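J.: If you scroll down you'll find the structure; I have some questions about it.
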Amino acid sequence: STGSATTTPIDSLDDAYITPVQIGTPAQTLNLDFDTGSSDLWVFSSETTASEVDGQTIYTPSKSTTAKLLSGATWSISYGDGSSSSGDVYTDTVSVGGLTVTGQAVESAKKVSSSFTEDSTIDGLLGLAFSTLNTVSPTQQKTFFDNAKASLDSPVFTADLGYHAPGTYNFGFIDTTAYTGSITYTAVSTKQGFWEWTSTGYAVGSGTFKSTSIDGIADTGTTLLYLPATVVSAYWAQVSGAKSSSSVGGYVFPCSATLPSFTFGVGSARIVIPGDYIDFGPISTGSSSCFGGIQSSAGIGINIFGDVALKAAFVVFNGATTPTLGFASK
């Protein structure tokens, strides 16, 4: 089997991407944030505290003939941005882009933090990291990809995120028309439950490439590119007027700037992030100070290849017995 679904930016800044997901019988379609940095499939629901719902589409298990309460199971998750959610668990039929999993754990939110409530466009998350991070207790549950894997033509999914435009998540096949040149594959460590890999270095603009190992995670659920302070300082030093602002919470730059590209290494290959991808616009409406798309990972504890980086590539998440990651230009 295979699946193919279009993923669409939630706003003009590509702050996140939503992909339609069919849950239950008859289908209830919710727009979920596919997140390769977590492993819970959770949704706004009929059980969510009413004051914490503001425009989201909810899953109502009682209206699904295939929904079954997973008795005794609860979940609770906290994300890197400080947001969180928790609730109980149903199993139900879940389909993405024509690919169907029966008995998928669907984590129903009883509580969500303000960031989720305030984002009307995201109806929940679909985790695509390794199932060892799944928060369901007392019986840990598998991700959608893990459940689908055996049925897929090939044990892979691909992320093809757009810049200011729709893209695609495919399951079970590599669309050879979706990228240019070759795909370069690189080793993955699953020791922390993430798609963790080591970039071979970077360049700023038309500058020379610096060979240096940068361990980080491929995380579709994180907006920006978070790298070591040395790397980030070298980037922003090429933008006149750029500075790190503690009051804003990162590097800002004059909105009148033309930003240089940023290149990262994948083995001997190179992925180029155009400068425009690194512009996240005014810090506040009407401001001429703009927020940077490359920020320091210092104090996160991990480097994160978020959407800024991933959307410059066609990315293969290879879930073979020994997982690997593939990157191609596009």
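We label chains A, B, ... in the order they appear in the structure tokens, count residues from 1 in each chain, and number ligands from 1 in the order shown.
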Give me, as a ChimeraX atom specification, all polymer residues having an atom no more than 10 Å from stretch 287-299 of chain A, counting only C-alpha atoms and skipping those fewer than 3 positions away in the same chain.
T.: /A:216,223-233,235-236,241-245,248-257,259,262,275-284,302-309
J.: List the spatial neighbours of residue A:178 as a PyMOL selection string - criterion: any atom at most 12 Å away, only C-alpha atoms, same-chain residues fewer than 4 positions off excluded.
T.: chain A and resi 158-162+167-170+173-174+182-183+313-316+327-330
J.: Which polymer residues have any atom within 7 Å of an atom of residue A:96, counting only C-alpha atoms, with same-chain residues fewer than 3 positions away left out, as a list in words?
T.: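 The filter keeps residues 3, 5, 21, 22, 99 and 100 of chain A.
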J.: Got time to write the residues from that selection, N, CA and C atoms, as an mmCIF file, in the first residue's frame?
T.:
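This is the output file result.cif:
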data_model
loop_
_atom_site.group_PDB
_atom_site.id
_atom_site.type_symbol
_atom_site.label_atom_id
_atom_site.label_comp_id
_atom_site.auth_asym_id
_atom_site.auth_seq_id
_atom_site.Cartn_x
_atom_site.Cartn_y
_atom_site.Cartn_z
ATOM 1 N N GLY A 3 0.325 5.870 0.571
ATOM 2 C CA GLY A 3 -0.524 7.033 0.769
ATOM 3 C C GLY A 3 0.185 8.283 0.283
ATOM 4 N N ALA A 5 -0.587 12.628 0.624
ATOM 5 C CA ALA A 5 -1.436 13.718 1.097
ATOM 6 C C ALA A 5 -0.718 15.044 0.944
ATOM 7 N N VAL A 21 -6.459 14.437 7.694
ATOM 8 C CA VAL A 21 -6.425 13.072 8.193
ATOM 9 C C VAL A 21 -7.850 12.630 8.468
ATOM 10 N N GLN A 22 -8.210 11.450 7.969
ATOM 11 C CA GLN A 22 -9.535 10.872 8.175
ATOM 12 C C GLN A 22 -9.515 9.961 9.394
ATOM 13 N N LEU A 99 -4.087 5.852 2.589
ATOM 14 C CA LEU A 99 -3.478 4.771 3.362
ATOM 15 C C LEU A 99 -4.192 4.638 4.694
ATOM 16 N N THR A 100 -4.679 3.435 4.980
ATOM 17 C CA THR A 100 -5.536 3.197 6.134
ATOM 18 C C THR A 100 -4.868 2.293 7.158
#
J.: Apply DSSP to the backbone of this structure and, from stretch 13-164 of chain A, keep only the residues in strand (DSSP E or B); write these as a VMD selection string.
T.: chain A and resid 17 to 23 28 to 35 41 to 43 45 59 68 to 78 84 to 96 99 to 112 124 to 127 137 156 to 160
J.: Include C-alpha atoms and write out the residues we just selected as an mmCIF file, in the first residue's frame.
T.:
data_model
loop_
_atom_site.group_PDB
_atom_site.id
_atom_site.type_symbol
_atom_site.label_atom_id
_atom_site.label_comp_id
_atom_site.auth_asym_id
_atom_site.auth_seq_id
_atom_site.Cartn_x
_atom_site.Cartn_y
_atom_site.Cartn_z
ATOM 1 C CA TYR A 17 1.959 22.754 8.008
ATOM 2 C CA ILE A 18 -1.379 20.950 8.212
ATOM 3 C CA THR A 19 -2.348 17.728 6.477
ATOM 4 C CA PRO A 20 -5.907 16.360 6.323
ATOM 5 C CA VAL A 21 -6.425 13.072 8.193
ATOM 6 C CA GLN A 22 -9.535 10.872 8.175
ATOM 7 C CA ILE A 23 -10.483 9.473 11.594
ATOM 8 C CA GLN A 28 -14.131 12.792 10.471
ATOM 9 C CA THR A 29 -11.479 14.879 8.714
ATOM 10 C CA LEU A 30 -9.111 16.815 10.961
ATOM 11 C CA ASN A 31 -6.146 18.919 9.874
ATOM 12 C CA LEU A 32 -3.107 17.659 11.770
ATOM 13 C CA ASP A 33 0.454 18.893 12.185
ATOM 14 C CA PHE A 34 2.703 16.029 11.047
ATOM 15 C CA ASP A 35 5.609 16.062 13.476
ATOM 16 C CA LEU A 41 -1.275 11.242 17.433
ATOM 17 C CA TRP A 42 -3.548 13.518 19.435
ATOM 18 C CA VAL A 43 -6.634 15.521 18.528
ATOM 19 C CA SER A 45 -12.116 16.296 20.658
ATOM 20 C CA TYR A 59 -13.039 14.409 16.854
ATOM 21 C CA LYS A 68 -13.196 1.978 21.064
ATOM 22 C CA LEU A 69 -12.025 3.398 24.395
ATOM 23 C CA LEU A 70 -8.573 2.079 25.249
ATOM 24 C CA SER A 71 -9.457 1.316 28.803
ATOM 25 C CA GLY A 72 -7.231 2.849 31.447
ATOM 26 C CA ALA A 73 -4.894 4.590 28.992
ATOM 27 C CA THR A 74 -3.889 8.222 29.453
ATOM 28 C CA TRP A 75 -1.350 10.484 27.793
ATOM 29 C CA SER A 76 0.434 13.709 28.583
ATOM 30 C CA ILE A 77 3.006 15.517 26.470
ATOM 31 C CA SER A 78 5.127 18.647 26.693
ATOM 32 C CA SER A 84 1.397 20.748 26.233
ATOM 33 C CA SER A 85 -1.717 18.593 26.116
ATOM 34 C CA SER A 86 -3.137 15.500 27.798
ATOM 35 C CA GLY A 87 -6.164 13.224 27.876
ATOM 36 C CA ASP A 88 -7.371 9.671 27.275
ATOM 37 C CA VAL A 89 -7.170 7.269 24.332
ATOM 38 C CA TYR A 90 -9.358 5.597 21.737
ATOM 39 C CA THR A 91 -8.433 3.201 19.000
ATOM 40 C CA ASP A 92 -10.020 3.935 15.619
ATOM 41 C CA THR A 93 -9.452 3.764 11.884
ATOM 42 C CA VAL A 94 -7.110 6.470 10.586
ATOM 43 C CA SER A 95 -6.384 7.181 6.932
ATOM 44 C CA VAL A 96 -3.812 9.550 5.430
ATOM 45 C CA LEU A 99 -3.478 4.771 3.362
ATOM 46 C CA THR A 100 -5.536 3.197 6.134
ATOM 47 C CA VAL A 101 -4.500 1.921 9.560
ATOM 48 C CA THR A 102 -7.017 0.108 11.728
ATOM 49 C CA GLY A 103 -6.669 0.121 15.499
ATOM 50 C CA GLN A 104 -4.610 3.308 15.556
ATOM 51 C CA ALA A 105 -4.272 4.947 18.956
ATOM 52 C CA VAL A 106 -6.047 8.304 18.720
ATOM 53 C CA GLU A 107 -5.227 10.367 21.781
ATOM 54 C CA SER A 108 -8.179 12.516 22.745
ATOM 55 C CA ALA A 109 -7.287 15.812 24.420
ATOM 56 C CA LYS A 110 -9.026 16.705 27.658
ATOM 57 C CA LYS A 111 -6.672 19.651 28.166
ATOM 58 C CA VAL A 112 -4.513 21.717 25.821
ATOM 59 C CA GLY A 124 -3.977 18.087 16.569
ATOM 60 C CA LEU A 125 -0.608 16.444 15.928
ATOM 61 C CA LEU A 126 0.404 13.259 14.134
ATOM 62 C CA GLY A 127 3.756 12.075 15.449
ATOM 63 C CA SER A 137 0.521 4.993 29.803
ATOM 64 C CA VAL A 156 9.504 4.820 4.162
ATOM 65 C CA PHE A 157 7.768 8.143 4.256
ATOM 66 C CA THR A 158 8.867 11.372 2.586
ATOM 67 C CA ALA A 159 8.470 15.040 3.484
ATOM 68 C CA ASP A 160 8.345 17.559 0.666
#
J.: Which residue is closest to residue A:263? Choose from A:238, A:324, A:200, A:190 and count only C-alpha atoms.
T.: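 Among the listed residues, the smallest separation from residue A:263 belongs to A:200.
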J.: Work out how far apart atom CA of residue A:133 and atom CA of residue A:151 are and give it in Å to one decimal.
T.: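 Atom-to-atom, atom CA of residue A:133 and atom CA of residue A:151 are spaced 22.4 Å apart.
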J.: For each of A:56, A:210, A:320, A:311, take the minimum atom-to-atom distance to residue A:172, counting only C-alpha atoms, then give the residue where this is smallest.
T.: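 Under the stated criterion, the closest residue is A:320.
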